[PDB]
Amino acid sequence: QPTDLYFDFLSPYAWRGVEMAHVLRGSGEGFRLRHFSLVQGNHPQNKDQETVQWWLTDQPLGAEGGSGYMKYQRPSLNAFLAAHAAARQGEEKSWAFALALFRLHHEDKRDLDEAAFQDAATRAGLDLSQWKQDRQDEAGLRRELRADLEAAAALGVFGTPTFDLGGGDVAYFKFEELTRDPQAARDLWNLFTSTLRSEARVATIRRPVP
């Protein structure tokens, strides 16, 4: 069973996690990409709530603003839906689109906007007619995304990237340096999985901020 990897395109930490997981696939590690919304997770309506009160997937994609709007809500929702539309063309195209859009945003420093989604679709080699047709199915894409957001909420996910190894071992994995060299990625992953499988039951390793 593949490790579930919860990500948000907004996050450079999620970017580095997905890059490392992509390299690790080449070494035999299985990953399934799933979505967690930082905007939803951080919403004041959801703070200290046992049940989610505000869902990203309930929000209209019209003009930004209005009551309860939070910064990066529209671009992150749009990016997630575009990624679900891409994933309707299969697993490899899903990875290719997600990696492309991450790199456009974090390496090329482009906004998560329509031009960036179109460019990510080109780089992923999507069937553009099928992709347009799926993006017209906004309601269906929202239902897919909500299922990811629900699964993340059941685990208590609070940041990106969060890895669910199975067996009850789930953790946020925040690192600062892009790690794409294969042996460096394998070593980093071994440290993560060793921490979560330790019989000491390590719950947190966390640097403060001086």
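From 1 onward, residues are counted along the sequence shown.
Which is higher on mean Cα B factor in this entry, 24-32 or 59-67? Stretch with the greater average CA B-factor: 59-67.
Between 136-144 and 115-123 (mean CA B-factor, as deposited), the higher: Higher mean C-alpha B-factor: 136-144.
Among 161, 41, 156, 166 - the residue whose C-alpha B-factor is largest in the record: In this record, 166 carries the highest C-alpha B-factor of the candidates.
By the recorded C-alpha temperature factor, relative to the other modelled residues in its chain, which third is residue 76 in? Within its chain, residue 76 is a lowest-third residue by C-alpha B-factor, going by the deposited values.
Hey, what third does residue 152 fall into on Cα B-factor, ranked over its chain? Tercile = lowest for this residue's CA B-factor.
Based on the deposited C-alpha B factors for this chain, I'd like to know if residue 11 is in the lowest, middle or highest third. For residue 11, whose C-alpha B-factor we compare with every modelled residue in the chain, the answer is the lowest third.
Residue 128 by Cα B-factor - lowest, middle or highest third of the modelled chain: Ranked within chain, residue 128 CA B lands in the highest tercile.
Ranking the modelled residues of this chain by C-alpha B-factor as given in the entry, is residue 171 in the lowest, middle or highest third? For residue 171, the deposited C-alpha B-factor lands in the lowest third.
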